[PDB]
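Shown below, as structure tokens, is a lone chain in the form deposited in one PDB entry; questions about how it binds or moves come after it.
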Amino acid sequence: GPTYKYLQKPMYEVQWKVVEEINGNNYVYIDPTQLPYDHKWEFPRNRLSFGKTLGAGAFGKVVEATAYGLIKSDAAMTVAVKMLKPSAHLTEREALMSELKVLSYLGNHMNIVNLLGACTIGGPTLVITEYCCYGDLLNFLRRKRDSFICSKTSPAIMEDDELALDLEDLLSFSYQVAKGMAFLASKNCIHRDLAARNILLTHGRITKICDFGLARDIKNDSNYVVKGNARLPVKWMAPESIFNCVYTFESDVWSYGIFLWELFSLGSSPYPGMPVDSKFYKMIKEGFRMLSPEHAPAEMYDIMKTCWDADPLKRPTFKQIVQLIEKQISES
């Protein structure tokens, strides 16, 4: 209804950013509304059947659905559908349109959650993406955790996957996520919230980097902390990024280092037991770092440490990380 303050209610926002140029120092981003939309993506909404909710946030949700003829003309497939509230204002719907445009611009890669289609006419805006049957990687690591150190106990069952977790899995996830992020970086794209909770797993134990924002309300997740005017994933953020309030290619790399730590720690939360407050920010800026997880190979811990270099310029690029891990594989 009518309000007497200009500041608009919180609404869904586009999550990933595309960089136009770095003149600094500072980043200038592309305005996503200016990107094209190809109507080849348009899918008759009557060909969707909605199932269970996968995750819901304050503004909308993502649901499991079946789609008929979406990719192969005479076949049904399971997909994930992103939606706002049915009466969402056009300005909020436009954020979903901009998201659709960014996904289209990025293009397809095995290690992201890919765009499959959209319903932008004839009703509430829907974005159709890949369904990842095993859910998020953080939960997967936690369910499978006990099997890493026991070969007698039956591994936790997740859908059809009754297999144990081993070092080969962790090395594979490390490599896959690095490739996915190298892909995003190659398109000048910044994720801003890379973490195990936002990486999904599908058939073949393939990891897919996700934009999960619509599917949770961060007020209910203690890994997001009030810091100034925002609630932020501070334990995954680079110190200079927290201080200057800017997300960069180098701060995504910092996050990948934190991801490697939680990966080889089998789903433990970072800086365990450490209060997140004035003292935490100070200690990280002054050089405090986590030590190696028990299960992390030395070369992976070494990558972690470089991802956490106080100087953003000295951190590896994702391209360089991919090369390093591929060197590991060849020598293995």
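Throughout, rigid core stands for the largest set of C-alpha atoms superposing within 1.5 Å between the two forms. Numbers for residues come from their place in the sequence shown, where the first is 1.
The same protein also exists as the form deposited in another entry; that form is not shown, yet it is the one meant from here on.
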Legend entry - Core-fitted Cα difference of 2 Å or more between this form and the one not shown, single residue among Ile209, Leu103, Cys132, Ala195: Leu103
Legend entry - Large Cα move at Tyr37 between this form and the one not shown, threshold 2 Å, rigid core: yes
Inset, instruction - Classify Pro239 as shifted (yes) or not shifted (no) between this form and the one not shown, where shifted means its C-alpha moves by 2 Å or more with the rigid core superposed. - result: no
Inset, instruction - Would you tell me if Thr306 moves between this form and the one not shown by 2 Å or more at its C-alpha, with the rigid core held superposed? - result: no
Legend entry - Distance trend in the other form - C-alpha atoms of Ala195 and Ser222, change of 3 Å or more: farther
Inset, instruction - Taking the shown form as the reference, report whether the CA atoms of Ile284 and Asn220 lie closer or farther apart in the other form; the distance changes by 3 angstroms or more. - result: farther
